[PDB]
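Chemist: In the authors' numbering, the protein residues as written are 1 to 752.
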Amino acid sequence: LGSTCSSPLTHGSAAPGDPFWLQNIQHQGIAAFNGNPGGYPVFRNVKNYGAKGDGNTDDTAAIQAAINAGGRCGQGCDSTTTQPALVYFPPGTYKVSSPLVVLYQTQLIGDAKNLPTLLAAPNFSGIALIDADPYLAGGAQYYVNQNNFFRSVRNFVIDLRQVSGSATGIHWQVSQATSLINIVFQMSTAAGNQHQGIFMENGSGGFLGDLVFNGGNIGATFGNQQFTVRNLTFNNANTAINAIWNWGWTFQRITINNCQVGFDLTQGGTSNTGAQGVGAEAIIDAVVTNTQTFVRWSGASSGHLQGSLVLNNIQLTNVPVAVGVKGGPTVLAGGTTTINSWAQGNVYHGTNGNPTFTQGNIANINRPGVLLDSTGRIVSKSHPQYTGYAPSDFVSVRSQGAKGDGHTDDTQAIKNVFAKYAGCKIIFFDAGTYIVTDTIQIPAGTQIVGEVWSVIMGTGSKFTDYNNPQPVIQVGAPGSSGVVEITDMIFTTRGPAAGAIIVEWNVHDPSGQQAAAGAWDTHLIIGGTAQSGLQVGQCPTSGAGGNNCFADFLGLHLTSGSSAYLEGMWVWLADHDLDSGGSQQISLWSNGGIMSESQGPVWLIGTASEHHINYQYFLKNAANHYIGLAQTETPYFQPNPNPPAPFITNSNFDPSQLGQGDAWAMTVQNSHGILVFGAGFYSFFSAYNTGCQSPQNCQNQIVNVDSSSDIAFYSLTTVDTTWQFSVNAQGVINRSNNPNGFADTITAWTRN
Ligand SMILES: *[C@@H]1O[C@H](CO)[C@@H](O[C@@H]2O[C@H](CO)[C@@H](O[C@@H]3O[C@H](CO)[C@@H](O)[C@H](O)[C@@H]3O)[C@H](O)[C@H]2NC(C)=O)[C@H](O)[C@H]1NC(C)=O
Ligand code: NA
Ligand code: NA
Ligand SMILES: [Zn+2]
Ligand SMILES: [Zn+2]
Ligand SMILES: [Zn+2]
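1. Would a C-beta distance cut-off of 9 Å place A322 and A333 closer than the cut-off?
2. Are there 16 or more other CB atoms within 10 angstroms of the CB of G50, so buried, or fewer, so exposed?
3. For ligand 4, is there a heavy atom less than 8 Å away from the beta-carbon of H383?
4. Give me the Cα-Cα distance between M187 and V96, rounded to the nearest whole angstrom.
5. Could you tell me how far apart the beta carbons of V46 and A62 are, in whole angstroms, since I believe they sit closer than 8 Å?
6. Got a sec: does ligand 6 put a non-hydrogen atom nearer than 8 Å to the Cβ of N182?
7. Out of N752, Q699, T718 and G680, state which residue places its alpha-carbon closest to the alpha-carbon of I711.
8. Distance check for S164 and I435, CA to CA, integer angstroms please.
9. Is it the case that the segment 472-483 contacts the segment 401-417, given that we only count it when at least three CB pairs across the two stretches are under 8 Å?
10. Just checking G209 against ligand 1 - is the residue's beta carbon closer than 8 Å to any of the ligand's heavy atoms?
11. Nearest by alpha-carbon distance to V288: which of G691, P641 and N258 is it?
12. Using only the alpha-carbon positions, how far apart do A564 and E451 sit?
13. Measuring CB to CB, does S298 end up less than 9 Å from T273?
14. What span of residues does the beta strand (DSSP E) with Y688 cover, start to end?
15. Is it the case that the CB of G223 approaches a heavy atom of ligand 1 more closely than 8 Å?
16. Taking the straight line between their C-alpha atoms, what separation do you get for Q538 and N242?
17. Given 8 Å as the limit, tell me if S651 has its C-beta closer than that to any heavy atom belonging to ligand 2.
18. Just reading off the alpha helix (DSSP H) that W21 is part of, what are its end residues?
19. Distance, Cα to Cα, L604 vs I378?
20. Which stretch, first to last residue, makes up the alpha helix (DSSP H) that contains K420?
21. If you drop the 5 nearest sequence neighbours on each side, which residues of the same chain put their C-beta closer than 6 Å to that of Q260?
22. Measuring only the C-alpha atoms, how far is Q701 from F156?
23. For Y626, count neighbouring C-beta atoms within 10 Å of its own C-beta (all shown protein chains included) and say buried if the count is 16 or more, exposed if not.
24. State the DSSP-derived secondary structure class of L108, mapped to helix, strand or coil.
25. Would you give the residue range spanned by the beta strand (DSSP E) that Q631 belongs to?
26. Would you be able to state if there are at least three C-beta pairs under 8 Å between the segment 136-147 and the segment 37-46?
27. Cβ-heavy atom distance between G528 and ligand 2 below 8 Å?
28. Just jot down, in chain order, the residues whose CB lies closer than 6 Å to any heavy atom of ligand 3.
29. Look at the alpha carbon of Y389 and the alpha carbon of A14, and state the distance between them as a whole number of angstroms.
30. Express the C-alpha separation of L9 and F124 in angstroms, rounding to a whole number.
Given below as structure tokens:
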């Protein structure tokens with residue numbers, strides 16, 4: 001506990017009628033590497049830019065000014081980390097008549113106590129009320145969809161009911177480090193209406209959750225490589241989810257009430273040169289009621305894989321068809337029943353490389369008890385927003401002397417803040433970049449909150465020695481337990497930093513509070529950003545930057561006694577430069593992405609780890625993990641050089657069996673109670689050359705397990721890898737058995 005208090009802060013001090021704390025907290029954020037840090041506003045209240053919120057005045061322009069102020073990353077700019085915006089909406093009804101363009105690095109946030117309404121004018125025109133990637137003349141766009149990062153929308157009612165024709169709430173064409181949180185969509189239920197909550201046509205996601213859709217022809221149209229979706233509820237839609245294509249998604253805690261079709265899945269071809277449909281859906285903990293068909297495939301499967309489905313713990317009440325084909329036969333009869341574990345696709349066991357094509361029950365999926373809540377379902381916990389807390393319940397790091405200017409050493413100021421306030425006040429990291437040169441230990445009990453781009457950036461000699469790696473951030477002391485909630489933070493390095501363990505996570509849940517220790521909208525954005533020392537100017541793809549281009553040793557280290565609920569966390573070793581212009585590829589060196597030795601519970605909900613040398617995920621002597629979906633990419637320079645270079649072998653942090661020319665996506669040693677429920681593990685290059693994509697042999701192996709680990713994989717999708725699955729570094733499952741469009745999919749693997 002911090003020295004300023006004697007009992008922990010366990011609830012907020014706000015009066016019931018006070019506005020949400022974010023409105024009146026002091027606004028002190030800085031964009032450290034902006035052209036004008038002293039004049040560029042991070043926080044923008046829409047009402048300060050002329051918005052009335054009276055439901056009659058057209059507020060479109062005023063909101064757009066709140067978004068646009070300061071000279072931001074719009075047309076002609078690829079991406080940025082230096083032009084953030086938190087666009088804030090106090091309660092009210094905001095009438096809008098054309099799309100709100102949510103520029104790169106923008107969050108739209110409403111009052112969480114009394115959700116503001118975005119009200120579509122009867123004459124609304126444009127792609128959607130909120131547009132994260134506008135289309136221009138000739139079908140060019142503001143941003144490349146696969147690079148469309150750093151976007152959030154939180155705490156709104158989006159009301160389309162005044163629009164007589166077609167209308168869409170959100171054009172959510174996005175990739176990683178994005179979120180939708182706590183939105184209610186209100187749409188028409190009139191026969192023939194053309195309302196649609198979300199339209200997403202492509203991208204590389206991503207996490208979204210805690211949404212409610214009321215009415216409409218379509219709740220959400222989804223098309224994207226991969227995404228994790230948690231706690232979506234659809235009421236009275238014609239089609240809840242129109243899934244047009246993917247490589248693979250995970251849907252957790254979905255509720256569908258009174259719809260015609262729950263999941264309408266488009267079946268595509270199996271060739272990587274053919275039509276792409278929905279490769280794979282993994283659905284866990286669903287409740288479906290009074291709905292004609294729960295899952296509908298657009299075409300039938302004929303004794304071989306062509307679109308994968310895994311269903312786990314599905315409660316149906318008056319749902320005649322559990323799994324059906326559009327204008328075709330029932331595949332799984334519904335009614336009123338609970339589906340334990342069911343699959344469509346190729347099922348595998350042990351070292352048997354030959355598929356069992358299945359459309360039927362599979363062995364009950366094991367769900368370790370510690371990963372389940374009192375209702376027996378995978379834990380579901382939203383981004384903590386402290387809705388009952390007053391501004392006085394927070395302490396500002398700026399007010400306590402942390403500059404956040406990307407230059408001043410803020411190590412002592414930050415240490416002092418934790419020493420004084422941990423557990424006494426919510427720690428508010430005003431937007432900025434905070435240079436630290438020693439370990440920042442976040443005590444057990446602490447709650448920390450950022451502001452769009454709040455970065456702790458470790459650098460200097462404490463972090464440069466790969467023979468003696470050291471933690472930049474320490475989440476709890478070793479052996480600690482308690483609440484640790486981290487929201488909207490970035491943790492990273494200023495290079496070179498060959499010894500940095502960016503986050504060492506030690507704390508465990510206290511008794512009786514699951515997921516008390518966790519992170520949301522919190523990412524490790526490693527290199528590729530302004531004044532990181534890890535940009536194209538320092539680290540060209542030639543590799544000429546050499547020893548200057550060590551970015552970290554390890555992204556995330558979950559230690560033996562820890563637990564963690566990590567939602568949407570991207571542990572990204574930069575493959576390209578976000579700030580120099582032109583999205584130029586770069587070569588940076590990270591030894592490994594995520595290593596867990598935790599005995600659990602660990603929930604990795606929509607996490608990703610990309611471009612690390614030895615592995616993206618390494619589970620070493622771990623237990624009780626729920627992981628879904630997990631997504632990975634191999635670094636683009638491999639196999640030039642082969643792992644572990646330019647690091648050296650380290651028996652403490654490396655797996656026993658190093659990657660064969662390329663990093664493992666996931667490698668597992670001596671672990672038990674591991675459930676991987678949706679995975680997207682990809683390889684796109686051989687030393688920056690894309691030729692391997694056609695023969696689909698960019699790397700030879702990608703997932704490794706030892707002989708004894710108690711682990712199961714469901715809906716494991718890989719890209720351009722010969723052996724999708726290995727035991728003891730010998731390929732067992734060949735991609736030739738599982739072609740599923742652009743990607744290849746293993747529907748289930750178990751040890752026995
Ligand atoms: C699924 O997502 C929905 C939408 O965010 C979640 O519903 C929301 O949950 C919060 C937290 O419980 C509710 O706030 C509470 O309201 C009650 C009633 O006034 C109050 O007593 C509490 O102190 C708290 O403020 C909120 O009403 C509710 N919002 C909506 C639109 O339903 C839900 O919790 C999520 N469920 C899971 C399993 O993650
Ligand atoms: Na460009
Ligand atoms: Na360790
Ligand atoms: Zn927050
Ligand atoms: Zn890139
Ligand atoms: Zn435990």
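Built from N, CA and C at the ideal position, the CB exists for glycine as well.
Modeler: Well, looking at it:
1. Taking 9 Å as the Cβ cut-off, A322 and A333 qualify as a contacting pair.
2. Classification for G50: exposed.
3. Yes - ligand 4 has a heavy atom lying nearer than 8 Å to the Cβ of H383.
4. If you take the alpha carbons of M187 and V96, they lie about 15 Å apart.
5. With a beta-carbon spacing of about 6 Å, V46 and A62 fall inside the 8 Å limit used to define contacts.
6. Between ligand 6 and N182, a heavy atom-to-CB distance of less than 8 Å is absent.
7. When only C-alpha atoms are compared, the closest one is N752.
8. Whole-angstrom Cα-Cα distance: 53 Å.
9. As far as the Cβ criterion goes, the segment 401-417 does not touch the segment 472-483, which means the pair count is below three.
10. Ligand 1 has a heavy atom closer than 8 Å to the beta-carbon of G209.
11. Residue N258 is the option with its Cα nearest to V288.
12. Using only the alpha carbons, I get a separation of about 22 Å.
13. Against a cut-off of 9 Å, the Cβ pair of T273 and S298 comes out as no contact.
14. Segment: none, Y688 is in no beta strand (DSSP E) and carries neither H nor E.
15. No - ligand 1 has no heavy atom lying nearer than 8 Å to the Cβ of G223.
16. C-alpha separation (whole angstroms): 44 Å.
17. No, ligand 2 has no heavy atom inside 8 Å of this Cβ.
18. Start and end: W21 to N24.
19. Distance from the CA of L604 to the CA of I378, rounded to the nearest whole angstrom, comes to 11 Å.
20. Residue range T411 to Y421 is occupied by the alpha helix (DSSP H) that includes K420.
21. Only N238 and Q292 meet the Cβ criterion.
22. Between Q701 and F156, the C-alpha separation is close to 45 Å.
23. Classification for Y626: buried.
24. Note: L108 maps to strand in three-state DSSP.
25. Segment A630 to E633, the beta strand (DSSP E) holding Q631.
26. No: the two stretches stay apart, fewer than three of their Cβ pairs being nearer than 8 Å.
27. Not under cutoff, so the answer is no.
28. Ordered by chain, the residues meeting the criterion of a beta-carbon within less than 6 Å of a non-hydrogen atom of ligand 3 are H557, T559 and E597.
29. Those two C-alpha atoms are separated by around 5 Å.
30. In this model, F124 and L9 are separated by some 46 Å (Cα to Cα).
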